[PDB]
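See below for the structure under consideration.
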Amino acid sequence: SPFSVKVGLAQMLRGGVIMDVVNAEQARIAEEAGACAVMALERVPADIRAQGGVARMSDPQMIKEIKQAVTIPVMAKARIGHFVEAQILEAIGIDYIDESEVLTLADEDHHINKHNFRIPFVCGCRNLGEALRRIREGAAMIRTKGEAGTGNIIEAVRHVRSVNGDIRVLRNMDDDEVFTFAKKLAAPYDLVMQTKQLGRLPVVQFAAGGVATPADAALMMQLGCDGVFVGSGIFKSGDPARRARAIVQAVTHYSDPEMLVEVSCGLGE
Amino acid sequence: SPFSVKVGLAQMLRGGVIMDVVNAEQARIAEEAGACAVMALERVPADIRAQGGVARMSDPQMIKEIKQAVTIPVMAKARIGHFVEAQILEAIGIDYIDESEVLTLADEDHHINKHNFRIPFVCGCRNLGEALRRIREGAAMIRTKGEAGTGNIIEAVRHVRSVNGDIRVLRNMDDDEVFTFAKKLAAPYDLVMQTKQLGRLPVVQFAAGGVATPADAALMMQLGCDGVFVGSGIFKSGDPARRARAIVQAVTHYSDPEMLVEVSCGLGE
Amino acid sequence: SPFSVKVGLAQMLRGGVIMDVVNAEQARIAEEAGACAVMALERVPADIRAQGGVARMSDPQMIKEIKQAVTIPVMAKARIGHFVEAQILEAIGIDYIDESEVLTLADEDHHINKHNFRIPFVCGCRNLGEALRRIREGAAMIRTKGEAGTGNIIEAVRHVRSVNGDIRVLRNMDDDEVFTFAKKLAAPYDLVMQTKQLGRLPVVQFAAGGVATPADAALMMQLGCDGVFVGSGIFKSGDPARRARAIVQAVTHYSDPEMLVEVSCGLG
Amino acid sequence: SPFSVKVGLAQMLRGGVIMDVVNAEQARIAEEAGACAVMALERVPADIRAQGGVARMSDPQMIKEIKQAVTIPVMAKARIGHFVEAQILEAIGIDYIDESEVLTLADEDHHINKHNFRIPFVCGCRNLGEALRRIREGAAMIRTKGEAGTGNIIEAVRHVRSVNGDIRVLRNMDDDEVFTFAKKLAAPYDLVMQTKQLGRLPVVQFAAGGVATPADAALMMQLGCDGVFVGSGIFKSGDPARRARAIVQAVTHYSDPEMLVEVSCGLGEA
Amino acid sequence: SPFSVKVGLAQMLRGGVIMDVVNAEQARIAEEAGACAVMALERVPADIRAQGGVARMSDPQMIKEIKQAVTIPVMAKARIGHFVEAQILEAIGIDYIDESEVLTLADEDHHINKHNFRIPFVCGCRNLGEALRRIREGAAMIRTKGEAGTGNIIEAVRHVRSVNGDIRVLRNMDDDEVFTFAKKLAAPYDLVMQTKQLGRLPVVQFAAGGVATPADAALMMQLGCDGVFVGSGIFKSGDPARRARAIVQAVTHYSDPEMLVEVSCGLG
């Protein structure tokens, strides 16, 4: 199927860090630091909503500038339910679309039908039911919603523990009880049973929302995530090439404390 | 698959009436009157609960007596969730098992896993979500729950109108909106989409609970059911061979008022 | 009847974009960009209420200036229930009146009896019942209420999905059940049954409230609208001839992503 | 320890049926039918409470009569918290004491400290937390509370599914999360961790309350119980030797439908 | 076991005062004044939250600077549930980690599994049940939560009285009733029974949160604590060597009023 092709594409990002960037310079620092992809963003939605504004797709022009500055894959955000924003992003020729709750919602009741597109989608989740719903709609990659813009890891930890915990429950559960379990999650039975056989989520699972330090990033990997997203706070500090590199190093050497000491040392705020 | 074989078996009952019987005599009147099957019952559960008692599987002995008295298929009731009652009924060699809410519940949270059996199951439903849940668990045939023991048709009408109404909604619905619809029904998406393509329920749908007169039975057929169940009230009146025949005639000639007048005439109490 | 004449007039707008304008200059940019009509407005009601003021009919003088600047149809707003504001708008000789919830309400319980006028009316709606009520009162054209002044498309999507969804339900429904359905919508049965036979609304249905980008406009067309209204935000940016043209292009080529990329590029 | 000795004794009951009896005749029918033990009871507590009465320990005399009529182990009920009733039962020389919620409660806040006795105890439970609390107090054997006296199996199924379900959850759980899990169950952490390693309850687990038919008994075994208790309803029907034998046969052949047909056939009324 | 080794290490601190420091200078004044250990802190979390910020592990660099300035043990804070912050603190080679509610929480449902580490941990508590839960997770040392940042001793007194009071109840209690008592505390029975036999907490118990004066510190010792923590308020006054020494003197001579007068005199 073309679904398993999209799932396969997203697997190449396993073990990587994805960085939000607002210009080609940032994009280049990110690539040099060893990011596996970048996320294009004309303004951080934190700061548009701070001013009480609507946050939408970025201008295709600035996305094109970033696509040219780098050789790593490029992602961009569409509003939830805004399938025409997604059509535009596909036609520009980027690599992944993020149907993102950080932008202003466009449809209160329906997500994009992601099976109608050739490129893969990322969606967010707080729990296993939500993740399986996004996958059935055609998401090829899942991240935690966390809590964007705060630098606080609490919500991201809750979401990872929740998803992984339910998978563990499901793996060992009496088969006869799975029907009721699917009902309570409001999730498709067939994907529930498949998650039981795999013993893990059928797609890559990244952490996102509030990852601020090397320790944060390594924690997410130790809890069982496949990779991490990081926001543009990286570029508000002193040597942003150093802070970027540090987070990549942390995800790569997530189970080596000695390495984590080295990259954390003298990082400033 | 063996599932579609079970579905196929249940289809040969289309257009028929199924009668509850408590002995071989009743079973023979039923067969002679033109019933497509009988439902074996040592006591009516109405009257065991009337006395405040527990209603269970019938004694296998009396089921065997009925199986021998007739050449039409024989059905029997198991308590919801009581998979060992069902194993016994299968081993006796009857034709259909009804996982029945009219008997005392055995498991408050789980139905029988009906895929683990070779013979087909009937389950009840009040709405489309419930029906699709029973089917995914492996029911090959659906009936309305109605309201057993009252002779009042109102609950049965509510349930038929509900199921058929949601199927009509589903048939014409924007495909992108079906994901949310499946969530709200708490039903497996894949069976929802299949119901949309067929434009009807993937299994036979019978009416049950409160059918008392030829007019009642014909109404159910005019509302789009595939057949009807009838309780043992027909054996509590005069010439029960006449009352039984009348209901069969009504279901067969459900759109001929002249016929319905003839069979309804002078039917007594 | 003169009702079907008004319905026919409103159908000429199918496929078009309608732009709010505050002067003759704006009106001309709109016409040049390919707007099918303009909506005359002395001030945006967003900003009169922002100051806590009452928003009423525009001065007839400035409406006359706009009517002379252009050859496309001109629309104007009357307060809900203010049938004398409407009489004045008719006598000026504009083409369409919008009985508008964006202006301050004049009658809390009654809309204008729109059958007593020669020119066609637009009304807003949030759902099918509301739309059918407005039509029976004599609206010749329907738009979503959406959410005016915010640039947020969410309310408009809710309204379109709601109306279209109920029409799809109605189309396939057991005829015997339509009586109860009409009661629950609080709508005239005869218009419900007519909507069932057509399989769509008996009048043109436009989207309005929060359309800000080419993508927004195209989305509304892909969801099944007949056209779109757009506010004066278009004229607050650079090269407003470019932004205006972009939205027209988007509605015209609404199912061509390649086109949508081109018009969306470098817009701000 | 003497605790693990008591646990060991109770293993010999695995695979068996335990029957309530009110006299030596009933006790003999039970033994002949193949019961692994009997539970002595001067009256069914169902029927003493039916009359609104207090239900206590049985007269030691009638317990002695039953102990002599049979060669299988004999159990008897003590009221919850009534440690002197238990002392008496121990001194009579029976085999097991059931600290039973079917009798009238004697202490609303405290169970018997079962470690102060030489003979093993049975306790009831509705969930895993309750079971582990009873074990730490020194129960050597656990049963479901179910719902005694109704012939309705639903409460017993709820309790078995609950206990077994939590054990399965626990077996696979991140070790770091077990601290919070113990807190929420209000159960001793050390017994929780032990239950995680074994992958089952550290003691024998029987079903009780509402088992009325061979099918009921077999269902309990298929759900993972080690055995079943059955009340004196068995003796209120025709040929009670037949109904008793049938339930034993069902527990013995619990995964053979053909056998279950044979024993269920023509059993008369319950 | 290595657990009893950690318990033994924490006992060397009995009778002492632990001071929060933000630099090597402060650390040296503390050591000279007779502090039994220091707690390294790049900023007081009071003032990061005052600004509405997240409070995390300190930069390992500044911790290393403090570790080099002094020969007494050095402690540092990790966020609750952040076991990787703790791994980093272990690898730097400090002596004690404080899993601290004064920093921003990282895991709402789980504390660190402290048995997976070689160095000893401090945890906070408000009551006996909470203390026993922290110990079973592997804390080697307990402090009151008190109320950080206020200089108000009331919460600390509540917590000490609570813990000590329950231990006194437990010591004399009918053994048969201890099962129910363990359930109500939601604490492991085996640690409850051990606390009953000792007649005190199986680990050292310090007071923390709101200790501001020599009298405060002495009160905590008279109520039965084994030692006290003190914040960086000490360093915001004149001659902070004098204020530091005063608190050490108070804890050392906690039942001598004459001494307490002398050290309290003219302190500000």
Side-chain angles (χ1 to χ4, degrees), chain A residues 22-24 40-43 45 48-49 51-68 74 76-94 97-114 116-119, chain C residues 50 126-127 144 146-162 164-165 207 209-225 228 231 233 236-238 242-243 246-247 249-251 253-268:
Chain A
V22 303
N23 63 55
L41 258 190
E42 73 189 353
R43 295 186 60 204
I48 302 179
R49 291 177 170 179
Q51 293 186 234
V54 176
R56 315 185 179 77
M57 182 183 70
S58 288
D59 194 308
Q61 199 172 100
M62 79 86 54
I63 295 177
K64 282 176 194 292
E65 285 172 23
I66 285 157
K67 186 51 190 172
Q68 271 185 333
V74 179
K77 287 178 186 294
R79 290 182 278 181
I80 289 170
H82 207 319
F83 53 84
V84 169
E85 277 184 347
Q87 283 164 9
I88 292 177
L89 289 176
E90 185 179 58
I92 288 173
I94 61 175
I97 298 168
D98 187 14
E99 192 183 13
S100 180
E101 71 286 345
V102 176
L103 298 184
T104 305
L105 219 69
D107 192 322
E108 181 142 286
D109 295 312
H110 306 287
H111 283 256
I112 294 161
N113 187 342
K114 288 162 283 281
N116 293 330
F117 293 81
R118 283 194 326 287
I119 70 169
Chain C
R126 305 187 307 279
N127 59 62
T144 66
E147 165 192 29
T150 61
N152 189 358
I153 205 72
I154 183 171
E155 278 309 297
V157 170
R158 185 193 310 301
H159 299 165
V160 174
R161 277 194 183 286
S162 169
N164 288 344
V211 182
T213 72
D216 292 342
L219 175 71
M220 293 304 162
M221 299 306 291
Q222 281 186 49
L223 280 176
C225 294
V228 318
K236 291 173 178 189
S237 74
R242 199 166 109 63
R243 188 181 304 257
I247 286 169
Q249 283 267 59
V251 171
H253 306 287
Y254 65 82
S255 62
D256 179 7
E258 304 281 351
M259 191 60 59
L260 293 169
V261 176
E262 177 149 306
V263 296
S264 298
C265 208
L267 213 45

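Numbers restart at 1 for each chain; the letters A, B, ... are given by sequence-line order, proteins then strands.
Residues C/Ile153 and C/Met220 meet the side-chain proximity criterion, which asks for heavy atoms closer than 4.5 Å.
Considering only heavy-atom pairs separated by less than 4.5 Å from chain A, the leading option among C/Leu219, C/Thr150, C/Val157, C/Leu267 is C/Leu219. For chain C, the option among A/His110, A/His82, A/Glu90, A/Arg56 with the highest count of heavy-atom pairs below 4.5 Å is A/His82.
With sequence neighbours left out, the side chain to side chain donor-acceptor pair (under 3.5 Å) criterion links A/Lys64 to no other residue. Evaluation of the salt bridge (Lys or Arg N to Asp or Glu O under 4.0 Å) rule for C/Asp216 yields A/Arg79 as partners, not counting sequence neighbours.
Side-chain atoms of A/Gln87 and C/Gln222 include a donor-acceptor pair closer than 3.5 Å.
With a 4.5 Å cut-off on non-hydrogen atoms, C/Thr213 touches chain A through its side chain but not through its backbone.
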